[PDB]
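Trainee: Structure below; questions to follow.
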Amino acid sequence: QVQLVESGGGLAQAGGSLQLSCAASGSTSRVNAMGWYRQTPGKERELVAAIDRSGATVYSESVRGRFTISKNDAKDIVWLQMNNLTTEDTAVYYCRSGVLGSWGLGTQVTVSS
Ligand SMILES: CCC(=O)N(c1ccccc1)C1CCN(CCc2ccccc2)CC1
């Protein structure tokens with residue numbers, strides 16, 4: 001069992017930045033991938049960014065060059081650096097591993113302008 005804890009979020013303006021963290025606990029050596037997902041009302045949970053153990057990453061085209069996913073190997077934390085924020089980034093953000101299934105509670109992000 002691996003436990004994931006989302007922290008961060010907030011209310012931002014178009015152009016500002018937020019930093020979300022995802023802290024893993026438990027049998028983290030069986031985790032080879034970590035991803036951030038987001039959801040909006042009426043729409044479906046969609047991928048934002050993913051990172052694997054070697055540090056390679058993929059990004060949704062809507063957040064490429066604005067969002068950055070990174071990891072702290074010593075603290076078992078995956079960060080979502082949300083820069084250059086737009087109103088489209090308003091969503092509840094969720095952390096998940098490569099094993100499909102149990103989500104954390106997520107955290108909320110609102111971007112106004
Ligand atoms: C894509 C992510 C990834 O590869 N990980 C990760 C997972 C969740 C959240 C942050 C990072 C690793 C998990 C294992 N930790 C080391 C702990 C360890 C190592 C060796 C033996 C025993 C214990 C290194 C990072």
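Lettering and numbering for the structure tokens are positional, with chains as A, B, ... in the shown order, residues counted from 1 in each chain, and ligands counted from 1 in the shown order.
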So which residues touch stretch 39-51 of chain A within 10 Å, counting only C-alpha atoms, skipping near sequence neighbours fewer than 3 positions away, as a PyMOL selection string?

Mentor: chain A and resi 32-36+54-64+67-71+78+80+88-98+106+108

Trainee: Would you mind exporting C-alpha atoms of the selected residues as a PDB file, in the first residue's frame?

Mentor:
```
ATOM      1  CA  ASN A  32       7.663   3.705 -11.067  1.00  0.00           C
ATOM      2  CA  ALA A  33       5.371   6.485 -12.318  1.00  0.00           C
ATOM      3  CA  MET A  34       3.598   9.451 -10.753  1.00  0.00           C
ATOM      4  CA  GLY A  35       1.058  11.617 -12.524  1.00  0.00           C
ATOM      5  CA  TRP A  36      -0.992  14.728 -11.927  1.00  0.00           C
ATOM      6  CA  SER A  54      14.476   8.034 -14.305  1.00  0.00           C
ATOM      7  CA  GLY A  55      13.012  11.555 -14.315  1.00  0.00           C
ATOM      8  CA  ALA A  56      11.541  11.596 -17.819  1.00  0.00           C
ATOM      9  CA  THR A  57       8.277  13.491 -18.171  1.00  0.00           C
ATOM     10  CA  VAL A  58       5.241  14.023 -20.395  1.00  0.00           C
ATOM     11  CA  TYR A  59       2.815  16.945 -20.376  1.00  0.00           C
ATOM     12  CA  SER A  60      -0.606  17.754 -21.727  1.00  0.00           C
ATOM     13  CA  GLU A  61      -0.251  20.166 -24.652  1.00  0.00           C
ATOM     14  CA  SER A  62      -2.334  22.764 -22.809  1.00  0.00           C
ATOM     15  CA  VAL A  63       0.239  23.008 -19.994  1.00  0.00           C
ATOM     16  CA  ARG A  64       3.487  22.442 -21.924  1.00  0.00           C
ATOM     17  CA  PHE A  67       3.658  23.524 -15.993  1.00  0.00           C
ATOM     18  CA  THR A  68       6.648  21.541 -14.758  1.00  0.00           C
ATOM     19  CA  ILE A  69       6.512  18.227 -12.915  1.00  0.00           C
ATOM     20  CA  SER A  70       9.519  17.235 -10.820  1.00  0.00           C
ATOM     21  CA  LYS A  71      10.390  14.890  -7.985  1.00  0.00           C
ATOM     22  CA  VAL A  78       6.304  14.990  -6.715  1.00  0.00           C
ATOM     23  CA  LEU A  80       3.461  20.321  -9.863  1.00  0.00           C
ATOM     24  CA  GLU A  88      -8.408  26.976 -18.085  1.00  0.00           C
ATOM     25  CA  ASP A  89      -6.273  25.716 -15.185  1.00  0.00           C
ATOM     26  CA  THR A  90      -9.199  26.118 -12.763  1.00  0.00           C
ATOM     27  CA  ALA A  91      -9.789  22.538 -11.595  1.00  0.00           C
ATOM     28  CA  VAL A  92      -9.390  20.075  -8.753  1.00  0.00           C
ATOM     29  CA  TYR A  93      -5.903  18.588  -9.075  1.00  0.00           C
ATOM     30  CA  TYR A  94      -5.221  14.945  -8.245  1.00  0.00           C
ATOM     31  CA  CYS A  95      -2.063  12.888  -7.760  1.00  0.00           C
ATOM     32  CA  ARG A  96      -1.863   9.207  -8.738  1.00  0.00           C
ATOM     33  CA  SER A  97       0.752   6.536  -9.386  1.00  0.00           C
ATOM     34  CA  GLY A  98       1.134   4.188 -12.338  1.00  0.00           C
ATOM     35  CA  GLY A 106      -6.948  16.216  -4.400  1.00  0.00           C
ATOM     36  CA  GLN A 108      -8.461  22.878  -5.476  1.00  0.00           C
TER      37      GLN A 108
END
```

Trainee: So what do you get for atom CA of residue A:25 versus atom CA of residue A:53, distance-wise?

Mentor: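 Separating atom CA of residue A:25 from atom CA of residue A:53 is a distance of 15.7 Å.
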
Trainee: DSSP on the backbone: which residues in stretch 60-109 of chain A end up as strand (DSSP E or B)? Give the answer as a list in words.

Mentor: residues 64, 67, 68, 69, 70, 71, 72, 77, 78, 79, 80, 81, 82, 91, 92, 93, 94, 95, 96, 97, 107, 108 and 109 of chain A

Trainee: Could you list, as a VMD selection string, every residue within 8 Å of residue A:21, counting only C-alpha atoms and ignoring same-chain residues fewer than 4 positions away?

Mentor: chain A and resid 5 to 8 77 to 80

Trainee: Identify, on the basis of only C-alpha atoms, every residue whose closest approach to residue A:10 does not exceed 8 Å; exclude the query and any residue fewer than 6 positions from it along the same chain; express the result as an MDAnalysis selection string.

Mentor: chainID A and resid 18 108:110
